[PDB]
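Undergrad: Take a look at this one; I'll ask things after.
Residue numbers (our numbering), protein chains in the order written: chain A, 27 to 77; chain B, 4 to 54.
As structure tokens, then:
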């Protein structure tokens with residue numbers, strides 16, 4: 027579901043743009059990861075969990 | 004729904020067919036100008052031969 031912009035007065039004179047981020051915008055491979063890589067932007071350990 | 008690759012909802016086909024409509028209303032409108040030229044040259048023949 028790209029961001030097709032119309033840019034020209036003719037066919038296929040267009041630009042495709044994509045965008046993503048949310049709470050789970052930390053490290054990623056295809057998905058973020060489980061215990062890491064999203065909750066490093068949603069949960070962010072230091073509740074007691076560095077001592 | 005879709006961008007360019009459905010042939011009945013894609014921008015390229017739709018716009019192309021608008022360009023066809025413009026092209027063939029332009030064609031029909033382009034015949035009849037030449038028809039007016041036919042009739043002007045004709046009337047010149049009719050005034051000459053008439054005289």
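Note that CB positions come from ideal geometry on N, CA and C, so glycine has one too.
1) Which chain A residues sit within Cβ distance under 9 Å of residue 11 of chain B?
2) Which residue marks the beginning of the alpha helix (DSSP H) containing residue 40 of chain B, and which one marks its end?
3) Pairs of beta-carbons, one from the region 28 to 45 of chain A and one from the region 6 to 19 of chain B, closer than 8 Å: are there three or more?
4) Pull up the distance between the alpha-carbon of residue 16 of chain B and that of residue 61 of chain A, whole angstroms please.
5) Within the 8 Å Cβ cut-off, does residue 38 of chain A reach chain B?
6) Roughly how many whole angstroms lie between the Cα atoms of residue 75 of chain A and residue 52 of chain A?
7) Residues in its own chain within less than 6 Å of residue 66 of chain A by CB, not counting five upstream and five downstream?
8) Check whether chain B comes within 8 Å of residue 30 of chain A, counting only Cβ atoms and requiring the distance to be less than that.
9) Give the residues of chain A in contact with residue 19 of chain B, contact being defined as C-beta atoms less than 7 Å apart.
10) Beta carbon of residue 44 of chain A, beta carbon of residue 69 of chain A: below 8 Å?
TA: With the structure as the only source:
1) Counting from one through the second chain, the residue named residue 11 of chain B turns up at place 8. Near residue 11 of chain B there are no residues of chain A at all, since even the closest Cβ is about 15 Å away, more than 9 Å.
2) Within the second chain, residue 40 of chain B is the residue found at index 37, counting from 1. Its alpha helix (DSSP H) spans residues 14 to 53.
3) yes
4) As a working mapping, residue 16 of chain B is identified with position 13 in the second chain. As a working mapping, residue 61 of chain A is identified with position 35 in the first chain. Answer to the nearest angstrom: the Cα atoms are 48 Å apart.
5) Taking the first residue of the first chain as 1, we reach residue 38 of chain A at position 12. It does; some Cβ of chain B falls within 8 Å.
6) Residue mapping note: residue 75 of chain A aligns to position 49 of the first chain, counting from 1. Residue mapping note: residue 52 of chain A aligns to position 26 of the first chain, counting from 1. One C-alpha to the other measures close to 19 Å.
7) Translated into the one-based positions of the first chain, residue 66 of chain A becomes position 40. If we look at residue 66 of chain A and ignore the five residues flanking it on each side, its Cβ neighbours are 52.
8) In the first chain, residue 30 of chain A corresponds to position 4, counting from 1. Output row for residue 30 of chain A: interface = yes.
9) Numbered from its first residue, the second chain carries residue 19 of chain B at position 16. The answer, in chain order, is 37.
10) Stepping through the first chain from its first residue, residue 44 of chain A is reached at position 18. Stepping through the first chain from its first residue, residue 69 of chain A is reached at position 43. Cβ distance not < 8 Å, so residue 44 of chain A and residue 69 of chain A don't count as in contact.
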